[PDB]
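Given next, in structure tokens, is a single chain: the form deposited without this ligand.
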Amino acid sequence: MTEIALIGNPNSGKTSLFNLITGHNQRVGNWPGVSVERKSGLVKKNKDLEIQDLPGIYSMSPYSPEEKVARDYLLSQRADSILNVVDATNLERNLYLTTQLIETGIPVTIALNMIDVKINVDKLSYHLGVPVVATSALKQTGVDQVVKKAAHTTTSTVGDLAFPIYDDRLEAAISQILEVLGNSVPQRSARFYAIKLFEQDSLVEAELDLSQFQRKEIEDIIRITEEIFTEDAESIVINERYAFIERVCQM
């Protein structure tokens, strides 16, 4: 069975789209160890697809349990695909999460929502390297198509993946964290873990069993990259994401 993770910003009509895809059969439980709601449901028109609703989140930071829930699920690789619900009226701000979702290594399909409620869909698709489909609940179009696209854009079907490329200086840091990580992380999510370690993410630092050597190399890399920017590590990433998004939205 194909498991499509539904994730987006709050107020993107994500919970609206979930209900319109799954119909009446909705199974709700609880995530392990936390009080965070676990919503799920099979696709109304295709019962062979289970849609896993994730809570509406703006980022994948170590500060929120909802954001931890979303992250941990995507790194456990229980999801085949990501169906990223994106509010078109606030494209730049919604794409902050998207860039992070793409880095996890689970193929992303974007349901570009609230088209009715101008963007060239194909150019946005091309510069993010992900399938994008305009979805309008009002016109009742592309909802079935975007599900189908996510359904066959999975960890199984897709070979290589396009990740957002940042400044050469940060890419230098990322590849040097990638070299020192070795096989301590999966190839699929390696880049995701490398950026989090650069940011000095509490969850990732504590999650990975890293040798004294690896931890010391990551430090040197952070120290030098912080000096060349004259900016703290976390901020460097934040600015890079927005810069990439602005470059992408220009298109």
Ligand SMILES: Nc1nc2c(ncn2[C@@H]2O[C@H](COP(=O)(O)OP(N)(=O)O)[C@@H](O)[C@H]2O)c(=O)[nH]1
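Note that residue numbering begins at 1 and tracks the sequence as displayed.
Deposited-sequence gap flanked by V117 and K118: Gap between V117 and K118: 4 to 9 unmodelled residues.
Looking at the entry, does 108 to 116 or 126 to 134 show the higher mean C-alpha B-factor? Mean C-alpha B-factor is greater for 108 to 116.
For the C-alpha atoms alone, is the average B factor greater in 217 to 225 or in 189 to 197, going by the entry? Averaging CA B-factors over each stretch, the winner is 217 to 225.
Sort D72, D80, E103, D144 by C-alpha B-factor from the entry and give me just the highest. Highest CA B-factor of the listed options: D144.
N94: which third of its chain by C-alpha temperature factor? Middle third of the chain for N94's C-alpha B-factor.
Could you place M60 in the lowest, middle or highest third of its chain by Cα temperature factor, using the values in the record? Tercile = lowest for this residue's CA B-factor.
So where's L161 on the chain's Cα temperature factor ranking, which third? Middle third.
Chain-relative CA temperature factor third for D232: For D232, whose C-alpha B-factor we compare with every modelled residue in the chain, the answer is the highest third.
For the chain shown, is the CA B-factor of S202 in the lowest, middle or highest third of its modelled residues? Its C-alpha B-factor belongs to the middle third of this chain's values.
The form deposited with this ligand bound is left out here; the points below concern that form.
I'd like to know whether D116 contacts this ligand in the entry with it bound, with contact meaning heavy atoms within 4.5 angstroms. Answer yes; at least one heavy atom of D116 falls within 4.5 Å of this ligand in the entry with it bound.
Is there a non-hydrogen atom of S235 within 4.5 angstroms of a non-hydrogen atom of this ligand in the entry with it bound? Taking the distances in the entry with it bound, the answer for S235 is no, it never comes within 4.5 Å of this ligand.
Contact between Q176 and this ligand in the entry with it bound at 4.5 Å, heavy atoms? Output for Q176 is no: heavy atoms all beyond 4.5 Å of this ligand.
Does this ligand get within 4.5 angstroms of any non-hydrogen atom of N239 in the entry with it bound? Result no; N239 lies far from this ligand in the entry with it bound.
Does this ligand come within 4.5 Å of a heavy atom in each of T2, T153 and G159 in the entry with it bound? The answer is no: none of the three residues contacts the partner (heavy atom, 4.5 Å cut-off).
Picking from 75 to 83, 98 to 106, 137 to 145, 165 to 173, which part of the chain touches this ligand in the entry with it bound when contact means heavy atoms within 4.5 Å? Stretch 137 to 145 is the one.
Go through 1 to 27 residue by residue and record those having a heavy atom within 4.5 Å of this ligand in the entry with it bound; state none if no residue qualifies. Those in contact are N9, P10, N11, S12, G13, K14, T15, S16.
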